[PDB]
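A.B. asks: Provide a 3D model corresponding to the input given below.
(5 chains)
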Amino acid sequence: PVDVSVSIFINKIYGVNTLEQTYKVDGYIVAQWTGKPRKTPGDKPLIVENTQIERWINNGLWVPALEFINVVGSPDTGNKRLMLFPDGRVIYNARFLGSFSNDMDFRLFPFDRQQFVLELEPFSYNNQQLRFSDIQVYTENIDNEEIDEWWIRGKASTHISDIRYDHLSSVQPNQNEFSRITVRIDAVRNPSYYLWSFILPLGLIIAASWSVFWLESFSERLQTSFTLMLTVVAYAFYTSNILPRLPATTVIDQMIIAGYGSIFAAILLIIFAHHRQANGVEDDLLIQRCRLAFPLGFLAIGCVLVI
Amino acid sequence: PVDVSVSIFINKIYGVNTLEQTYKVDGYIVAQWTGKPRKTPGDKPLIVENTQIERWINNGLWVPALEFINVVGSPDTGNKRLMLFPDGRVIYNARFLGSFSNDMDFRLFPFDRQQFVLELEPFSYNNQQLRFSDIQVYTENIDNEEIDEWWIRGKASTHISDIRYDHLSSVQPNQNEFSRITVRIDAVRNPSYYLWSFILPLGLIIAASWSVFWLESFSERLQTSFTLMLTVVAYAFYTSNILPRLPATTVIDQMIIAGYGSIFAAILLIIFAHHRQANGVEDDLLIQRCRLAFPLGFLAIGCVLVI
Amino acid sequence: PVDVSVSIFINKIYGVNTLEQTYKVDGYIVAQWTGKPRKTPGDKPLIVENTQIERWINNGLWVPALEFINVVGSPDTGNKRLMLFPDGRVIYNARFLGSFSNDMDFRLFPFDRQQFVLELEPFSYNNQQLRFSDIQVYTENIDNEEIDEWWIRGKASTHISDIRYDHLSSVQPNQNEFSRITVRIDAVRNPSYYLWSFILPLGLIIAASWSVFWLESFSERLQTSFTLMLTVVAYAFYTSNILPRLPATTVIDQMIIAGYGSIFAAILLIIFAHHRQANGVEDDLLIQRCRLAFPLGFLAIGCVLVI
Amino acid sequence: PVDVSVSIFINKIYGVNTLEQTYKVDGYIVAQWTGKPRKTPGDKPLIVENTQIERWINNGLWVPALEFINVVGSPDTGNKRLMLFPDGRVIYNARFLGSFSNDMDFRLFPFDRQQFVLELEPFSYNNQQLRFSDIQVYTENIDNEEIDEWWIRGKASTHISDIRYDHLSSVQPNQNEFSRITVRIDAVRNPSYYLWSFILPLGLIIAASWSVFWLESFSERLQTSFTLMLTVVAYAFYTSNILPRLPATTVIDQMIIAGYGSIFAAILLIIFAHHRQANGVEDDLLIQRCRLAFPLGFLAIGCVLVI
Amino acid sequence: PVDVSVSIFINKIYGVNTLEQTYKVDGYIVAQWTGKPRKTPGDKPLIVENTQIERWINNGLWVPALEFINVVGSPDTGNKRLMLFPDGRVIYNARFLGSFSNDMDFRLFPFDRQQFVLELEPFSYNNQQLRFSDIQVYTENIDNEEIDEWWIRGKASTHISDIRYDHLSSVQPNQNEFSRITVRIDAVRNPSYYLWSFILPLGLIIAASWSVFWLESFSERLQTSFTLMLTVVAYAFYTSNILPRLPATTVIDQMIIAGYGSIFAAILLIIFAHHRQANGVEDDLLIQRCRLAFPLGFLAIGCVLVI
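C.D. replies: Numbers count the residues shown, from 1 in each chain, chains lettered A, B, ... in the order given. Have a look at this structure:
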């Protein structure tokens, strides 16, 4: 079994797609192993670049294919090189930009946290072993973080493991285990932007909707609610169109639904106070009571939301 | 007739396009057959990867081209390999990402269910038979389902068949039947998100629209109706822009049309009650009757919608 | 002149682009001609697939290039094969997906009808003739039609013709006529969806806008119009954003403009009735007259729209 | 200096990108020059197509690369051919689809006019001269123009010139002038659609906004303005989202700004008339005066806009 | 160490992507060095174009690969050429369009300024030195600037430097320093468009919101605020949808949030003035005081924003 040492340099993780749970990773991949020694020009290591690489493979050079397991579509490989050492060492180095898949739960949207993973595995060989994996995710940790959209927490975690494929041929007596390198980078979303421009105004609207009870007439109370109703519909549209697209109910989507309910409940109470008492009494002890209670009931339900 | 065994590993089915009735399928395809025995290095099976494969084809190796019948544009094939066995067996294995087509009826949008199908067929040979198809759609069934957008019902069903092409040449006396593998995966859309964030507020708005009859004056009743009218127009826009795009009337689209009608009918009744009675009587037995009847008429019509 | 028989199988016509007047066509293309006889393996027809085809062309095999005249960008060709017959026949078969152009007038948008055309022509040869064209547009005609977006009317029409290119070289004495195959498929748009979810609510709003005349006060009449004004602005936005994009005025766009005018004319009449009569008379014989007349004037102008 | 005669057939100019000032050009390019005579099959001109062309170049055939100077990314070339004449003539013909750049001023958006240009230049040779350029922009001039989005004014203008590159090597004593072909096609946008569906309603809204002065009460006058304000905000959104995107203020954008100002100026006058006169007088000679003057002040300022 | 002279011609910098902090660069790259002398046809420098270049590399020609460090995906290279001089000089020249990455802070959006940078580095050699970098950013400086979206300030800055890579192999005793060319072009965004069509109406709306205090009744004051509330929600949507997309709070977003706060504070003051005084007094000295003070308080807070 050939010992393969890999190194993955991650330049940038960007372009997260919430609809398809994917993310882009730009960087380099280096893999080193030792083969039979070789006569090189003079005796310095020989450099073979791009189109010249397949010329060496056609003459018999063994270059194993390593596949990104969780990639989404063939990645864009930039420059690639082979470094052929006279003592037998071989170093493959290539620039790449690829889109990778991982299970991503966005339910607690503004305050959610995700981990971006890479999964590397040889495409055809089980008799060849990944010896050690070093990733160099040397993007900043203390340069721009409050300004940046995602907060990387710690240095990336690595784990070389062995994957057992059962459904295989019938001629392999026991060779159905492959070496898989797994890189993981944990990150937390910076909610600053979504707090100020989305959650804050949504609170301001939800709060100010309760000021309908400070209207004197019943006609004033009920008719204004329909203008508040339209405002929440507008704000829900503004929220869903500008924020990333999701077929899942987010924290903000609960806040939106809560606002929807708060207005509908107000309409019920406003009509209730009118027609609850005999002979047209307006239950003024209700309008004034919920004038402060209605704000409190929402805050109590919000805490049980975090139950 | 050559016996070819295929195996299709489905990693992920995603990216449904409602406008073009397409869907993306990432996974692997394996095909195995037995040919004339062959001298391999030593005597272990030889592995030929990617660019090296066409070198073997130029020297005479027979590798049939299998076409995805229902594919939408040439798919993106990642790494590919040939496993050449000394006794004659040949195993082709390739990673692919492709877009596939099938008839998809989205009319009952939030609660609809679809089946994703693959159709495999040799491109040039009828004297070569697909012997058995095993698909490994080992995506979860009981890990994430309530969180996931689609619910896979069962393991994929397959069907190898023979397709008769009539319009052909004139030199084939009887050989116009091709082996077609057909894989089918049934799935049900998870309506959780669309119920809470779309159907529920639409109900709350439609319901609260009936509270126009609880206004005392006629001027209050008619003018408020026009503000409710704007809200339904606003909500239909929010609905059509955020939800997947469709040139077909969906369940939600019927609910939207229903809200449109409920408001217009209210305006008729509101105006009717004013000018229906002689000498300016306001038919107060109507406003109060439909105050509860108008909500009920909508519920009765909704049940005949499910007829 | 070489006799070339073509056959075009049309799997699917989809993805009409109203902004660029284009549409996608998936299917196969077959071309057959007879050349000098040939020694084949044994004596069965030889099959040459994909990358192996250019190998035969480099050894001298004459394979003419057929260009889609009205294609938009080089089309995506899937699998391709050559079938070489010993008696001299040669059959080229290839799967393709391409985007094609044709003049498409969408002015009567919901009820418009278009025809999708293909135009085939050899790229370099005029001394080579397309002998007969058979298209197999065996998409359904009586399976799904009311559910489908477009209605195909009849079997596709074909026409081989001769195109005269004048601006050419100076060395051709008379050879400037090329063989062109022209396929035409006529189709009518299914207006069901646009009627119910777009045309119907637009009528309901336009109609209900006239109910402003049933308000008793003049202040009620004028102020309500401005809320109705906003509703038409809102509905025009919803219409233009969801419906296909066009730099041309459609039937719906005329209906929208009509709604704009109906409201502006209402504001004129409402203000006119106030200040038309001496000493502050409110011309109540106008408000009630146009209470019914204003709806009729719209219907009369709508019929002259179809003039 | 080799004499190269080019001819550019322009099939369609479409896909104007206002954000990036680009446009797509589909058509053919032909280039002819005379070289050393050649032994051809028999003695008829030889046709070399697509993949076969580079075979002749590897054997020594001189085929110069002509670059589209103003192209945006490598263009999509369809079929290409070489016609090798026995007397030495060589004719290169190729189908192409490319995106081209030019400075485009969209400030007078609905009524603007642009010119689409192509710039052709050899990539490596200054000792080779473009002898004459004939373009065949035989798209219609009198077939569909009122229906079409753009109006082509005349046949395209050509200009072969010499471009002086100063910053070059140090070994060229005087050879730093290159032959550049420049094609120009002038076009005027058909404003019919934008007039009816955008400019017309914006006028109606701006006009109808002035009808606020016909309200009797002061409370009626001020409150309605905010509904008209919302209408202009709504209409500004509808305008910017559907119309092509631009980081420049257009004619329509000025009309929008004008509507914003008309309403804001109205609010000032409405509040001014209330509190301008001593003892609470409502300056009724103002409300009625600007009832007609405010429309005129807008019309007077609009004519100074065309100053 | 080989001396390599590069020259970078920048035709156009366009397509800034605010979400991914990228920008497109179209232009040419020229690189010159001197090698062992060479026998050329006759003795003039030989020109080798495109596909013919790799033929010389297969025969042994050394052409080093230079990589754009900050590129986002492999760039699109148009025509490329080699100029082989008899005395040993070699000139590589290629057209390219590429997407490049750099840290871009858009927080002060309308008035922000950015710098577009390129970073060039050899892919495999440290024993080869970039001798001098000359960029020709000969885009206009005094032709169109007020009309153009970006303002280039000065001639582009260059800096050849040495980058120390630590994490490397174990066989290099001291050779881990690479030559990096860094080009920088400073640019300031032209805020003209965003001022007139976005900042100005936002001011007009924010200002006119203060006119709620000039209403006489309390019911008029509170109900109108909710219509003003909806207008800001609409305008926030229009702002975020049309302006470039950003997960960061911009100057406009602060102006938007300020408008949100201004209205909510008014609702508090409007309700405060009602219920602050004993026995139902309406604190008319507040409504009139903040009638002018509320405008001033916003202006006072706005200057401390620029603190």
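A.B. asks: listing partners with orientation, what would you give for the longest strand seen in chain A?
C.D. replies: Secondary structure of chain A per DSSP state E: the longest strand is strand A:2-17. Strand pairing for strand A:2-17, determined by DSSP bridges: strand A:22-34 (antiparallel), strand A:128-136 (parallel).
A.B. asks: dump the last one to CSV, restricted to CA.
C.D. replies: What follows is strand A:128-136, C-alpha atoms only, in CSV (Å, rounded to 0.1, in the frame of the first residue of the first chain):
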residue,chain,number,x,y,z
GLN,A,128,-3.0,2.9,-1.4
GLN,A,129,-3.1,4.7,1.9
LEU,A,130,-3.4,8.4,2.8
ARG,A,131,-0.7,8.7,5.5
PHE,A,132,-1.4,12.2,7.0
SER,A,133,-3.5,15.2,6.1
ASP,A,134,-2.4,18.8,6.9
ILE,A,135,-4.8,21.6,5.9
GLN,A,136,-3.7,25.3,5.9
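A.B. asks: what helices or strands is the helix or strand following it leaning on?
C.D. replies: Sequence-wise, the next helix or strand downstream of strand A:128-136 (DSSP states H and E) is strand A:150-152. When contacts are defined as 3 or more Cβ pairs under 8 Å, 6 or more residues apart in numbering or on different chains; DSSP states H and E, strand A:150-152 sits against strand A:177-189. Heads up, the C-betas are built off the backbone N, CA and C, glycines and all.
A.B. asks: please name the strands paired to the strand it packs on in the sheet, noting orientation.
C.D. replies: Using DSSP bridges, the strands paired with strand A:177-189 are strand A:113-122 (antiparallel), strand A:150-152 (antiparallel), strand A:157-164 (antiparallel).
A.B. asks: circling back: which one of the strands paired with strand A:2-17 lies nearest to residue C:218?
C.D. replies: Closest to residue C:218 of those is strand A:22-34 (Cβ to Cβ; 60.5 Å).
A.B. asks: give me the contact list for the helix or strand following the closest one.
C.D. replies: Sequence-wise, the next helix or strand downstream of strand A:22-34 (DSSP H and E) is strand A:46-49. Residues outside strand A:46-49 that contact it (Cβ atoms under 8 Å, 6 or more residues apart in numbering or on different chains): A:40, A:55-56, A:79-84, E:64-65, E:123-125.
A.B. asks: hmm, 10 Å instead?
C.D. replies: If you take Cβ atoms under 10 Å, 6 or more residues apart in numbering or on different chains as the criterion, strand A:46-49 is touched by A:38-40, A:54-57, A:61, A:79-86, A:91-93, E:57, E:62-65, E:123-125.
A.B. asks: those, buried ones only, as a ChimeraX selection?
C.D. replies: The buried residues among the contacts of strand A:46-49 can be selected in ChimeraX (16 or more other Cβ atoms under 10 Å in any protein chain shown) with this line:
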select /A:56,57,61,79,80,81,82,83,84,85,91,92,93 /E:57,63,64,123,124,125
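A.B. asks: for the residue in the stretch 1-150 of chain A positioned nearest to chain C, which three-state class applies?
C.D. replies: With Cβ to the nearest Cβ, the shortest gap between the stretch 1-150 of chain A and chain C falls at residue A:54, namely 15.2 Å. Secondary structure, DSSP: H, G, I helix; E, B strand; the rest coil: residue A:54 is helix.
A.B. asks: do residue A:125 as well
C.D. replies: coil.
A.B. asks: the residue nearest to it when sequence neighbours are not counted and chain D, how far apart?
C.D. replies: Spatial nearest neighbour of residue A:125, chain neighbours left out: residue A:64 (5.9 Å); criterion: Cβ to Cβ, 6 or more residues apart in numbering or on different chains. According to Cβ to the nearest Cβ, to the nearest Å, residue A:64 and chain D sit 31 Å apart.
A.B. asks: if we can go back for a sec, buried stuff in the longest strand of chain A?
C.D. replies: By 16+ other Cβ under 10 Å, the buried positions in strand A:2-17 come out as A:4, A:6-17.
A.B. asks: then stretch A:225-243?
C.D. replies: Buried, per 16+ other Cβ under 10 Å, within stretch A:225-243: A:225-240, A:243.
A.B. asks: for residue A:224, grab phi and psi.
C.D. replies: Main-chain torsions, residue A:224, degrees, to the nearest 10: phi -60, psi -30.
A.B. asks: wait, it touches residue A:216, no?
C.D. replies: No: using Cβ atoms under 10 Å, residue A:224 makes no contact with residue A:216, being 11.6 Å away.
A.B. asks: okay, those two: which has more neighbours?
C.D. replies: residue A:224 (22 against 12; other Cβ atoms under 10 Å in any protein chain shown).
A.B. asks: for the more buried one, what are its contacts?
C.D. replies: A:209, A:211-212, A:215, A:266, A:270, E:219, E:222-223, E:225-227.
A.B. asks: check residue A:124 too.
C.D. replies: A:64-65, A:67, A:178, B:47-49, B:79-83, B:93.
A.B. asks: one step back: out of the buried residues of strand A:2-17, which is nearest to residue D:29?
C.D. replies: residue A:15 (36.5 Å).
A.B. asks: from residue E:97, how far out is the closest one?
C.D. replies: 20 Å (Cβ to Cβ, to the nearest Å).
A.B. asks: one more: residue A:130?
C.D. replies: From residue A:130 to residue E:97 the distance is 37 Å (Cβ to Cβ).
A.B. asks: returning to what we had before: can I assume the residue nearest to residue A:125 is in contact with residue A:92?
C.D. replies: Yes: between residue A:64 and residue A:92 there is a contact under Cβ under 10 Å: 8.9 Å.
A.B. asks: how about stretch A:81-96, does it reach chain E?
C.D. replies: Yes: using Cβ under 10 Å from any Cβ of the partner chain, stretch A:81-96 reaches chain E at A:81-83, A:85, A:87, A:89, A:91, A:93-96.
A.B. asks: which one among these gets closest to chain B?
C.D. replies: Nearest to chain B among these, with distances taken as Cβ to the nearest Cβ, is residue A:96, at 13.0 Å.
A.B. asks: in a helix, the closest one, correct?
C.D. replies: No: with three-state DSSP as the criterion, residue A:96 is strand rather than part of a helix.
A.B. asks: against residue A:12, how distant is it?
C.D. replies: Look at residue A:96 and residue A:12: by Cβ to Cβ, they are 12 Å apart.
A.B. asks: leaving out sequence neighbours, find the closest residue to residue A:2.
C.D. replies: Residue A:2's closest residue in space is residue A:128 (Cβ to Cβ, 6+ apart), at 4.3 Å.
A.B. asks: near the one you found, how many other residues are there?
C.D. replies: Going by other Cβ under 10 Å, the residues that sit close to residue A:128 add up to 16.
A.B. asks: contacting residues around it?
C.D. replies: Contacts of residue A:128 by Cβ under 10 Å, 6+ apart are A:1-4, A:33, A:62, A:64, A:122, A:178-179.
A.B. asks: distance check, the spatially closest residue to residue A:275 that is not a sequence neighbour against residue B:223.
C.D. replies: Nearest residue to residue A:275, sequence neighbours excluded (Cβ to Cβ, 6+ apart): residue B:214, at 7.7 Å. Note on residue B:214: its distance to residue B:223, by Cβ to Cβ, is 15 Å.
A.B. asks: mind listing what the closest residue to chain B within the stretch 101-250 of chain A touches?
C.D. replies: Closest residue of the stretch 101-250 of chain A to chain B, Cβ to the nearest Cβ: residue A:237 (3.9 Å). Counting by Cβ under 10 Å, 6+ apart, residue A:237 touches B:234-235, B:237-239, B:241-242, E:233-234, E:237.
A.B. asks: before we move on, what SS does it have?
C.D. replies: Residue A:237 is classified as helix under three-state DSSP.
A.B. asks: excluding its backbone neighbours, what's nearest the residue nearest the centre of chain A?
C.D. replies: The residue lying closest to the centre of chain A (Cα atoms, centre = their mean) is residue A:114, at 4.9 Å. With sequence-adjacent residues excluded and distances taken as Cβ to Cβ, 6+ apart, residue A:114 is closest to residue A:104, at 5.2 Å.
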